[PDB]
Structure formats: structure tokens, C-alpha cells
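Okay, here we've got a single chain as C-alpha cells, the form deposited in one PDB entry, with questions on binding and movement later.
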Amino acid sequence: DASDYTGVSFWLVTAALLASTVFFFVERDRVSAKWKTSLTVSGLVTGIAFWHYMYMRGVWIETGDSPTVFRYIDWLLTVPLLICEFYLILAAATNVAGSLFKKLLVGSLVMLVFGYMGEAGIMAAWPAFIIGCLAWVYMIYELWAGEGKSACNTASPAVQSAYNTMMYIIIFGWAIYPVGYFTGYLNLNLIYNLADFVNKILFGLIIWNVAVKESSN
């Protein structure tokens, strides 16, 4: 109807994710070869999201409920790529070793695994939340004062601005999901749909903007 505001959000975010996927896959012509992968991922991320969003919608239509499990699946598939985007832009703008890529991947996977263990009752909720937040804070530290920051200090000002915007997205927009787990273990689907709009579309648009700016200039 006009009062649930959940199915509607579902449709809005689904169409926006489809459009973002097509946009990121099409706008690789405006960027150099070094930024193509970055854009490819931005597109894959949004495409995976859409795919899973579709299934969340089918399950919601059949028996309305939370797709948390599926939302751990998509997350399992998309959060690693979103955290790799930092390594991709650093590799396209300067010299980065790849140990940053490995440690970011490990941190994101550990965070998601412990979050799911807390969600399904396999592990105690408070320790699982603590370990997930520790992995999240470790990723934040690696992007703030670690290998990522050291590699970013040797990049152009446009790349540095994009890196700062992406880091602030990781700090604040990603903070919604741990706030949800906290609240749920102590509406949600609508908040998660909107969260994605920024986390997946605005993130990719920041990457696309810096890539197009660098390739033109």
C-alpha cells in the first residue's frame, strides 16, 4: 500500500541499483585503462546487490520477513569488493603493494563471519559483536593511518579527496549495520535499503567521478 514504506523502498532501491549497474558498466569508456577495473567492480557490486535484492523481494512477497541470512550472503559477496575498491583506486593512482588488499579482505571476511555467528546463535552475541567491531575498526585504522594512508599520501589531490570521501563513507554509512545488530540483539529493512543506496551508489559514484576526472585530466 502507501503506508508500509518497505516494499516501496524495495522497488526504489532495486531500480536505482539496476540503473547504477548499467551506468558503471557503460561509463568505462570515459576512463583510462587503469580505472576500468575500479568501475567494473562498482558495477559488479551494484549488480550483485540487485540480484540478491530481487530474491529478497520474492521471499518478502511469499512470506514477509527479514532476509538477514541472504543479506549476509550478498554482504559476503559485496563488502569484500567495496573494501577492495580502496586498493583499486590506490593502484590506479600510485604504487601499492597488495598486502593492503590481503589485510582488508581478511578483515572484512572476519567481520562478516563473526557478525553472522552472532546473528544465528552459533557464537555468543556480545563476543561476536566485539570481534566484528574490532575487525571493522582495524579496517578503519588501516585506511586512516596504515598502509592505505601511506599510499594515499603519495597521490594526486583529486584521488586524495575521493579517498577521504570513501573513508568517511566507510566510517559513517557503514556504521548503520552494527547499529542494527545492536538494536536487534539487546523499519530495519527500510533502513538497510536506504543504507545501501548511499553505500553502494554514492560510493561507486565517488569512484566514477575521480576516475573520469583523472582520465580527462
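The numbering used is simple: start at 1 and walk along the sequence shown. What we label the rigid core is the largest C-alpha set whose atoms superpose within 1.5 Å from one form to the other.
Although not depicted, the form deposited in another entry is the subject of the following passage.
- Which is the one residue in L88, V79, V96, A128 whose C-alpha moves 2 Å or more between this form and the one not shown, relative to the superposed rigid core? The one that shifts is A128.
- Determine, after fitting the two forms on their core, whether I169 shows a C-alpha shift of 2 Å or more between this form and the one not shown. Moves: no, less than 2 Å.
- Please check if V179 moves between this form and the one not shown, taking a CA shift of 2 Å or more relative to the superposed core as movement. After core superposition, the displacement of the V179 C-alpha between this form and the one not shown reaches the 2 Å mark, so yes.
- Would you say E119 moves its Cα by 2 Å or more between this form and the one not shown, aligning on the core? It does, since the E119 C-alpha is displaced 2 Å or more between this form and the one not shown after the core fit.
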